[PDB]
Each structure stands twice: as structure tokens, then as C-alpha cells.
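Q: I am attaching a structure below and will ask some questions about it afterwards.
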Amino acid sequence: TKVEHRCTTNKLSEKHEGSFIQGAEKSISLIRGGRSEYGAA
Amino acid sequence: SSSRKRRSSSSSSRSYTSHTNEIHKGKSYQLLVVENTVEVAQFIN
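Right, here's the structure in full:
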């Protein structure tokens with residue numbers, strides 16, 4: 414008598430995370446008249 | 217795997236595993252300020 418029994422398996426996992434934040438700010442200002450300390454402020 | 221023949228017998232097993240991580244970052248900030256003050260807004264020679 415002869416007997417054989419066998420099994421095999423393959424498995425995977427993956428995970429990801431990602432983030433991207435982007436920003437722009439601009440300001441433009443003009444003042445005329447006044448005194449330079451407060452006009453500066 | 218396992219086997220018997222006739226008495227004689229044998230068995231075997233395995234694991235293989237591989238794993239990987241990567242993390243990456245880039246940050247940039249730029250500022251420009253250009254500011255002018257005039258206090259004697261005109262001298263005319």
C-alpha cells in the first residue's frame with residue numbers, strides 16, 4: 414500500500430495611506446496719507 | 217505533505236514570508252514680502 418496527502422497556500426496583504434495639503438496666500442495693500450508708524454501697522 | 221508506503228513514512232512543512240514598508244514626506248514653504256514706505260513722497264530738485 415502507498416498513500417500521500419498534501420496541501421499548499423499563498424496569501425498577500427497591502428495597505429496604503431497618503432496625504433497632500435497645499436496652500437497659497439497673497440496680500441497686496443496700499444496706503445496713502447497718515448503717519449508712517451500707524452500706516453505701517 | 218505527508219506519505220506512508222509498505226512500513227515507512229515521512230512528512231514536511233514550510234512558511235515563507237516577506238514584508239515591506241515605505242514612508243515619504245516632502246514639505247516646502249516660501250514667503251516673499253516686499254514692503255515700501257515713503258515719508259518724503261517727493262523731493263524735486
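Residue numbers (the UniProt record's numbering), protein chains in the order written: chain A, 414 to 454; chain B, 217 to 222, 226 to 264. Ideal Cβ placement from N, Cα and C applies to all residues, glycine included.
With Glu417 of chain A as the anchor, note down where its beta strand (DSSP E) starts and where it stops.
A: First-last of the beta strand (DSSP E) with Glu417 of chain A: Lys415 to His418.
Q: Less than 8 Å between C-beta atoms, sequence neighbours within five positions excluded: which residues of the same chain meet that for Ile444 of chain A?
A: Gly452, listed in sequence order.
Q: Hey, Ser217 of chain B and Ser230 of chain B: beta-carbon distance below 8 Å or not?
A: Going by C-beta atoms, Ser217 of chain B is nearer than 8 Å to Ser230 of chain B.
Q: Any beta carbon from chain A within less than 8 Å of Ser217 of chain B's own beta carbon?
A: Yes, its Cβ sits closer than 8 Å to a Cβ of chain A.
Q: Compute the Euclidean distance between the alpha carbons of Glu438 of chain A and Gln249 of chain B, then round it to the nearest angstrom.
A: Cα-Cα distance, rounded: 11 Å.
Q: Measuring alpha carbon to alpha carbon, tell me which residue in A:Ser442, A:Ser440, A:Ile441 and A:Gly436 is nearest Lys246 of chain B.
A: It is A:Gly436.
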